[PDB]
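Step one of this worksheet: look at the structure below.
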Amino acid sequence: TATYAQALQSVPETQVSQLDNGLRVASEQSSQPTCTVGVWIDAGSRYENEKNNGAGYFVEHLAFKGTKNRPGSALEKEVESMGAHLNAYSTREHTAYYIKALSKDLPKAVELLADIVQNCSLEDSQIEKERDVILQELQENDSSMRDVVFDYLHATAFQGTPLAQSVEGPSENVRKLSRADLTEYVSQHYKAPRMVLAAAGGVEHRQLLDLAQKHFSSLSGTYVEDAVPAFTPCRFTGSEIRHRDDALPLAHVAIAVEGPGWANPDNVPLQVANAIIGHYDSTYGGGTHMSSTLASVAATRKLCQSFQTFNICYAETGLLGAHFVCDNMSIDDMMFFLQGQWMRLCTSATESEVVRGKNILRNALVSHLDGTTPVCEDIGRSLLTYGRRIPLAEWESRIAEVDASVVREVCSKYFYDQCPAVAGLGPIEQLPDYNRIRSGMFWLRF
Amino acid sequence: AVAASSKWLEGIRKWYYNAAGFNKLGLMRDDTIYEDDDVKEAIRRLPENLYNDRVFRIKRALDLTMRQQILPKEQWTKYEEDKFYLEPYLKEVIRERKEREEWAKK
Amino acid sequence: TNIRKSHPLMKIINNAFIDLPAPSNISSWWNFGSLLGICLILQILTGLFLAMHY
Amino acid sequence: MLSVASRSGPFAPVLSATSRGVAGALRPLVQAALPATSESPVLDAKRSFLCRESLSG
Amino acid sequence: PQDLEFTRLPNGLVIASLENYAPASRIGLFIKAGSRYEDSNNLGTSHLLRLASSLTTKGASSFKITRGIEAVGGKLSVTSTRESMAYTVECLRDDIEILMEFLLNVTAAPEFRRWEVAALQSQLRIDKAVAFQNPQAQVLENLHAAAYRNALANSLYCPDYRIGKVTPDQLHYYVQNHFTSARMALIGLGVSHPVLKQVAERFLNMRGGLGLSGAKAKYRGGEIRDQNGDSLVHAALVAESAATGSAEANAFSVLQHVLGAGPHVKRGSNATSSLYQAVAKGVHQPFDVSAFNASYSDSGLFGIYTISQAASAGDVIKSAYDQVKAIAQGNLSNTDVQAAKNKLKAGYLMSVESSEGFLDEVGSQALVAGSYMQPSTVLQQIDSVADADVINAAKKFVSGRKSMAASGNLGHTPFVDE
Amino acid sequence: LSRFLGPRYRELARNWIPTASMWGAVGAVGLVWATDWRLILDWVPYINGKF
Amino acid sequence: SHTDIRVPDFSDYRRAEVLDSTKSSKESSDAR
Amino acid sequence: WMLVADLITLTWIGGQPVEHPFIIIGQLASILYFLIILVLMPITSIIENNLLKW
Ligand SMILES: CCCCCCCCCCCCCCCCC[C@@H](O)O[C@H](CO[C@H](O)CCCCCCCCCCCCCCC)COP(=O)(O)OCC[N+](C)(C)C
């Protein structure tokens, strides 16, 4: 019958084969009648210099809009025919082209990806569609709050770091770039082993490989002219960022201290902390006077509209942090408690709280891993990360690995006396000035 | 074991209730208990009519303590006329307290 | 535009004796404290002149 | 096929004691906002946007 | 890696249970109850109830419920369509045993403390105001009140004036009644089925037969136009449609999927929509034109749903209905018919595939049809649909009386007929 | 008064002991430094303010 | 909007040990 | 009120120079104080917590 061990071993593992041009292939055999083909290209926003800051977003917005093989309306009508849900996005660091689709269409789907990534046709009228749409879209993105807050957070916590600039990039840079340089972007970044083929489902692995072989074999691997990107272990500034805007109905805020990179052993216990802080939102009947302690007081005195703990991790470095919406008169108040929570994690972190956070974490994993697309993505990102699909038995051995001593140590190594990087979009006015904010990172009692 | 001795026990419960001053105040035993945070919330557990009753009765009692005249004994709360509608609410409160705290320490 | 309420100079006193609510039932016993206050003021003014010559 | 999700239209709200109070149904999206003029509602004691239930590391 | 042990009980309660190797142990206890069961006299007992899911039970303090959730790491959520409320709980396989009892204990007989109820009457305001934050939503609870006499015209949420006047007693009514043990149907998953009957019987004995379940509610032509300041009116036009589970309803499905359920190309285009191509050629871009169709067990409501500029919404809704007429002309290429059938299959495959859509699906047929089924049979009956029967459904939507709704600027958004 | 008792409280005091015990040592030695206490100054090789 | 905002230079105010854009801050938290 | 008696007793002893009979009255006065405040009254209030069945 049902037991945790079946939850452990019922999951099949991916294979990791590789092409001549270095493209690697992986796909768990999920025995799933539907399948989501995927290629998570490793190119991303942090890579480009300021000259071509938004190029990945541009290509993101014109992959299917024009391909060299067939007119884009033909490919469009094709996907409309197949009934497959095509999809694509781009993080700061993981550009992604993947097609949710039927297993029956699979060879058509993969070659269709070959039609996408390997080549694109760029009508200057189509490029004009790119430009006028995005230039009309910027203003819409300004209208959004959360993104703009995190945009300041990345724009300030890192500053001179390549990672700091906006993914879409500058309003002016976008109304400038040449078609040719875009092709240059494609030709310097969109090549293996940056690409990582994946498609968990009922797809048969060997057929997937053989199918890849007919298309992506053509794809380049050698870098042009021996030009070769190299990276930095980028510095983390602690500068605070305080945008105001009084006319906006609510203050809207995110704090973030420096975190571990997207390949760091301590990230799992840190994830537990995200549960330990326990995120909140206005809708819940789960708050009232319960939930997590900060969520509790936020629900008790109607502090927070909502707040969300988060643990972003880029390959070099992460960002431990929190994000609350807030009424003007309680701005400091949520803060007044929030930093304490970090110190609460420092000294006197009860193991009961620890197991609470671990359980919520495990639930977060299993909840993430439902469905085809999410796990195709897991295959599509874990390889870029550690490599590996990093199996859940390992993750949960690693969750059992955590102890309150280790928790207090890591929290000490990040929360206990460390310079905050804070960003706000409000109006903010109640919010304490940096030192005062900085004052809270260390208890006077300890 | 115990039998009619208990009858004597509620006997002195009755007589000492007479000995109690609030008996002469026309005040229910619920009326006299101190408003600790538990008790306040217990008052806010109350249905509106019992609220307005405890309110107005305590008010008349205070008015009589201001003009310093005692109630007529005819108007005394009788030992058997009284209700005890704070008690369930109270027991709820303490149980919630023990629950939240034993949950806390564990 | 109350000269009492609006004007800060005396507002604490409006917070104090001028218009603090107090229970309808109070014996002489609660008056005793204020008596003690007046006695204290008298101890000051008396001890003061004492020092004026002592 | 009688599930509302299989026949886009009527709402199937899923309010909860833990996860953010998700609700609503298509009423198709995405390609609406991209064409010019589409402010999207913002901040009136608003519940958190985007929502994150699929965390990893 | 299995098919479920489908159930009936002498007291009646489906307990489907798809045993799996899947870690995400879950159950989704269901109720046939919803907003439709109420009349004008007591709107919104429903929504306050769905929020009353958080309340203390006879079996546990609300403290012990909320703590009992978060500590184990498991969690709960409440789906509640008009046709069915749907309690749901999710967790680890060795941890389901306690949590399952919670929802049982949740669905047992929680006391409806008056202070707690007035306290959640606070929650009602926020939760309603944020639920309707969507411009689309502004049409939908509206639109159902536009095309219906009562039950299906009921709002999922109590109107704000009703809120304080919503009472615990009405909750006692709707719970003591419509929450029938028969109407309800548990849907286990990661747990083995036979044990699921066991603990369920702790509660399954509760509650007597049926409930009021009257007032079928029937179509009316009534226009509703709220008028707001939005630049982008979202006009929608609907004739009543056959529903549900009828082959004709399948024809409505093929019909709307000719338009498409929604875009398949994010940050792109959707040419396979027929009406959208019909309008965009005649109208400047800032709009959307898309399929819509209510499909209640009692009745359905097919119609165009049309996001639009207030400057020229009428050109959009007219060109769209013109295209619908073009299908109703008998004027139909068969290519996009089969393509639409393929869309039927695809969308159904995805909606089935995710565990949420899977379980909600399984309950959605089990609550009414009472028949657990592999999807492939559904694919067979859905590919069985006649190509001309599409022309039939088009003829019906052109035929039936047309309730219309379009909250927004209402500058140039002409009433149905006149 | 019984609330002070508890499974976390034992662990909690266990945790807080180093910080507050350190203060006592700091407070004690500092207080000796402030009153310029005698007999311990006998025991210091360096700080003998006495000849 | 959120795009065209930028952080103007502070390097002249920065400590020499963190003055460059490549180095770890955490390496310098101790000395600083 | 018995405590009132104990304290006034301490005053009247306070006028009285140290003497044996007042030594016995001395320790008796002290112990009387201790038991009157520290212990007795709360136990009484417990007893009427029973009588009032609090
Ligand atoms: C330090 C230890 C001290 C121990 C003893 C303390 C004793 C305290 C005594 C002081 C307390 C106040 C005394 C109570 C007086 C009763 C009130 C009486 O004065 O009437 C008031 C009237 O007071 C005056 O109107 C106040 C304004 C006028 C003041 C003008 C001063 C005139 C004489 C001052 C002489 C100063 C000469 C200085 C030359 C350089 C109004 O109050 P009220 O009880 O409601 O009367 C209602 C009747 N109405 C309608 C007529 C009003």
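Note on naming: chains are A, B, ... as they come in the structure tokens, residues start from 1 per chain, ligands start from 1 in the order shown.
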
Practice task
For ligand 1, list the contacting residues at 12 Å or closer, counting only C-alpha atoms and all ligand atoms, as number ranges by chain.
Solution key: C: 34-47

Name the residues of region 225-323 of chain E that fall into strand (DSSP E) according to DSSP on the backbone, using the chain letters and numbers of this document, as an mmCIF file with N, CA and C atoms, in the first residue's frame.
```cif
data_model
loop_
_atom_site.group_PDB
_atom_site.id
_atom_site.type_symbol
_atom_site.label_atom_id
_atom_site.label_comp_id
_atom_site.auth_asym_id
_atom_site.auth_seq_id
_atom_site.Cartn_x
_atom_site.Cartn_y
_atom_site.Cartn_z
ATOM 1 N N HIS E 234 -15.645 45.177 -22.101
ATOM 2 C CA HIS E 234 -15.505 43.777 -22.464
ATOM 3 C C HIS E 234 -16.866 43.184 -22.780
ATOM 4 N N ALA E 235 -17.404 43.569 -23.933
ATOM 5 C CA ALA E 235 -18.754 43.194 -24.329
ATOM 6 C C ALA E 235 -18.886 41.700 -24.551
ATOM 7 N N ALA E 236 -20.026 41.138 -24.172
ATOM 8 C CA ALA E 236 -20.266 39.719 -24.375
ATOM 9 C C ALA E 236 -21.717 39.470 -24.744
ATOM 10 N N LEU E 237 -21.914 38.595 -25.728
ATOM 11 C CA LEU E 237 -23.247 38.335 -26.262
ATOM 12 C C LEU E 237 -23.554 36.852 -26.269
ATOM 13 N N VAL E 238 -24.678 36.484 -25.666
ATOM 14 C CA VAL E 238 -24.978 35.084 -25.401
ATOM 15 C C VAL E 238 -26.417 34.672 -25.692
ATOM 16 N N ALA E 239 -26.574 33.621 -26.494
ATOM 17 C CA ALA E 239 -27.846 32.912 -26.592
ATOM 18 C C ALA E 239 -27.757 31.640 -25.756
ATOM 19 N N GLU E 240 -28.887 31.169 -25.242
ATOM 20 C CA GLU E 240 -28.863 29.972 -24.412
ATOM 21 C C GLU E 240 -28.402 28.780 -25.241
ATOM 22 N N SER E 241 -27.650 27.884 -24.612
ATOM 23 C CA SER E 241 -27.126 26.711 -25.296
ATOM 24 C C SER E 241 -27.507 25.433 -24.564
ATOM 25 N N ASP E 288 -9.810 42.025 -28.159
ATOM 26 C CA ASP E 288 -9.721 40.578 -28.236
ATOM 27 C C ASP E 288 -11.096 40.027 -28.596
ATOM 28 N N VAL E 289 -11.120 38.939 -29.355
ATOM 29 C CA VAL E 289 -12.375 38.289 -29.700
ATOM 30 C C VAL E 289 -12.265 36.795 -29.525
ATOM 31 N N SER E 290 -13.130 36.233 -28.694
ATOM 32 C CA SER E 290 -12.930 34.867 -28.259
ATOM 33 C C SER E 290 -14.199 34.118 -27.887
ATOM 34 N N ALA E 291 -14.038 32.806 -27.784
ATOM 35 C CA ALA E 291 -15.109 31.876 -27.478
ATOM 36 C C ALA E 291 -15.651 32.043 -26.070
ATOM 37 N N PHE E 292 -16.940 31.772 -25.892
ATOM 38 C CA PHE E 292 -17.482 31.641 -24.549
ATOM 39 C C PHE E 292 -18.668 30.685 -24.538
ATOM 40 N N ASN E 293 -18.789 29.905 -23.469
ATOM 41 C CA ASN E 293 -19.893 28.961 -23.341
ATOM 42 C C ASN E 293 -20.084 28.409 -21.942
ATOM 43 N N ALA E 294 -21.157 28.824 -21.281
ATOM 44 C CA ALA E 294 -21.564 28.181 -20.040
ATOM 45 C C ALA E 294 -22.122 26.787 -20.327
ATOM 46 N N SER E 295 -21.882 25.856 -19.411
ATOM 47 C CA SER E 295 -22.263 24.466 -19.626
ATOM 48 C C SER E 295 -22.755 23.779 -18.363
ATOM 49 N N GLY E 300 -27.180 25.688 -20.538
ATOM 50 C CA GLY E 300 -25.918 26.246 -20.985
ATOM 51 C C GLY E 300 -26.131 27.625 -21.563
ATOM 52 N N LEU E 301 -25.040 28.314 -21.874
ATOM 53 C CA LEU E 301 -25.127 29.653 -22.449
ATOM 54 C C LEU E 301 -24.005 29.920 -23.432
ATOM 55 N N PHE E 302 -24.237 29.667 -24.710
ATOM 56 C CA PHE E 302 -23.177 29.919 -25.669
ATOM 57 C C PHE E 302 -23.113 31.387 -26.043
ATOM 58 N N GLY E 303 -21.926 31.866 -26.391
ATOM 59 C CA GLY E 303 -21.813 33.224 -26.878
ATOM 60 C C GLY E 303 -20.422 33.760 -27.139
ATOM 61 N N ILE E 304 -20.371 34.845 -27.902
ATOM 62 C CA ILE E 304 -19.122 35.554 -28.101
ATOM 63 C C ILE E 304 -18.728 36.267 -26.817
ATOM 64 N N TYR E 305 -17.432 36.250 -26.527
ATOM 65 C CA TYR E 305 -16.867 37.070 -25.469
ATOM 66 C C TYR E 305 -15.849 37.964 -26.151
ATOM 67 N N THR E 306 -15.992 39.267 -25.972
ATOM 68 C CA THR E 306 -15.275 40.222 -26.800
ATOM 69 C C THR E 306 -14.700 41.378 -26.003
ATOM 70 N N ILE E 307 -13.412 41.282 -25.707
ATOM 71 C CA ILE E 307 -12.664 42.401 -25.165
ATOM 72 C C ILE E 307 -12.579 43.474 -26.245
#
```

Practice task
Work out how far apart CA of residue 388 (chain E) and CA of residue 77 (chain A) are and give it in Å to one decimal.
Solution key: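 Calculated distance between CA of residue 388 (chain E) and CA of residue 77 (chain A) is 23.1 Å.
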
Handout entry: For region 2-19 of chain H: contacts at 10 Å, only C-alpha atoms, fewer than 4 positions along chain excluded, given as a ChimeraX atom specification
Key = /H:23-26,28-37

Dump of N, CA and C atoms for the selected residues, as an mmCIF file, in the first residue's frame:
```
data_model
loop_
_atom_site.group_PDB
_atom_site.id
_atom_site.type_symbol
_atom_site.label_atom_id
_atom_site.label_comp_id
_atom_site.auth_asym_id
_atom_site.auth_seq_id
_atom_site.Cartn_x
_atom_site.Cartn_y
_atom_site.Cartn_z
ATOM 1 N N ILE H 23 9.016 41.440 73.777
ATOM 2 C CA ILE H 23 9.782 40.597 72.877
ATOM 3 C C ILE H 23 8.856 39.521 72.334
ATOM 4 N N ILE H 24 8.101 38.886 73.227
ATOM 5 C CA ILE H 24 7.160 37.870 72.757
ATOM 6 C C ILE H 24 6.101 38.490 71.845
ATOM 7 N N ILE H 25 5.583 39.647 72.244
ATOM 8 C CA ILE H 25 4.631 40.377 71.415
ATOM 9 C C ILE H 25 5.331 40.780 70.123
ATOM 10 N N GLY H 26 6.653 40.906 70.194
ATOM 11 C CA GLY H 26 7.453 41.245 69.034
ATOM 12 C C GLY H 26 7.414 40.174 67.962
ATOM 13 N N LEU H 28 5.585 37.636 67.820
ATOM 14 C CA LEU H 28 4.197 37.338 67.476
ATOM 15 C C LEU H 28 3.663 38.344 66.470
ATOM 16 N N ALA H 29 4.090 39.592 66.605
ATOM 17 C CA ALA H 29 3.641 40.633 65.700
ATOM 18 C C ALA H 29 4.189 40.375 64.308
ATOM 19 N N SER H 30 5.464 40.000 64.251
ATOM 20 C CA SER H 30 6.097 39.758 62.959
ATOM 21 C C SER H 30 5.434 38.600 62.216
ATOM 22 N N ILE H 31 5.296 37.480 62.913
ATOM 23 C CA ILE H 31 4.728 36.301 62.286
ATOM 24 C C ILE H 31 3.278 36.576 61.900
ATOM 25 N N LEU H 32 2.604 37.387 62.711
ATOM 26 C CA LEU H 32 1.223 37.737 62.427
ATOM 27 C C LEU H 32 1.152 38.488 61.114
ATOM 28 N N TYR H 33 2.095 39.402 60.911
ATOM 29 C CA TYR H 33 2.168 40.127 59.646
ATOM 30 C C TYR H 33 2.338 39.171 58.472
ATOM 31 N N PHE H 34 3.327 38.290 58.613
ATOM 32 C CA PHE H 34 3.673 37.380 57.531
ATOM 33 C C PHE H 34 2.471 36.570 57.101
ATOM 34 N N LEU H 35 1.854 35.902 58.065
ATOM 35 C CA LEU H 35 0.726 35.051 57.739
ATOM 36 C C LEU H 35 -0.477 35.848 57.255
ATOM 37 N N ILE H 36 -0.674 37.061 57.768
ATOM 38 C CA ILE H 36 -1.845 37.825 57.340
ATOM 39 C C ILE H 36 -1.765 38.237 55.875
ATOM 40 N N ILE H 37 -0.595 38.655 55.403
ATOM 41 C CA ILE H 37 -0.562 39.062 53.997
ATOM 42 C C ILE H 37 -0.198 37.925 53.050
#
```

Using only C-alpha atoms, which protein or nucleic acid residues come within 9 Å of residue 14 (chain C)? Drop anything in the same chain fewer than 6 positions from it, and give the result as an mmCIF file with N, CA, C and O atoms, in the first residue's frame.
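File produced: part22.cif:
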```
data_model
loop_
_atom_site.group_PDB
_atom_site.id
_atom_site.type_symbol
_atom_site.label_atom_id
_atom_site.label_comp_id
_atom_site.auth_asym_id
_atom_site.auth_seq_id
_atom_site.Cartn_x
_atom_site.Cartn_y
_atom_site.Cartn_z
ATOM 1 N N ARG C 4 -9.422 75.642 25.173
ATOM 2 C CA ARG C 4 -8.907 74.516 25.937
ATOM 3 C C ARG C 4 -8.358 73.444 25.022
ATOM 4 O O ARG C 4 -7.146 73.241 24.940
ATOM 5 N N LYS C 5 -9.266 72.775 24.326
ATOM 6 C CA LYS C 5 -8.941 71.571 23.580
ATOM 7 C C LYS C 5 -7.888 71.795 22.504
ATOM 8 O O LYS C 5 -6.854 71.129 22.476
ATOM 9 N N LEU C 20 -11.261 64.574 32.267
ATOM 10 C CA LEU C 20 -11.088 63.132 32.311
ATOM 11 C C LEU C 20 -12.360 62.530 32.882
ATOM 12 O O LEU C 20 -12.891 63.024 33.874
#
```
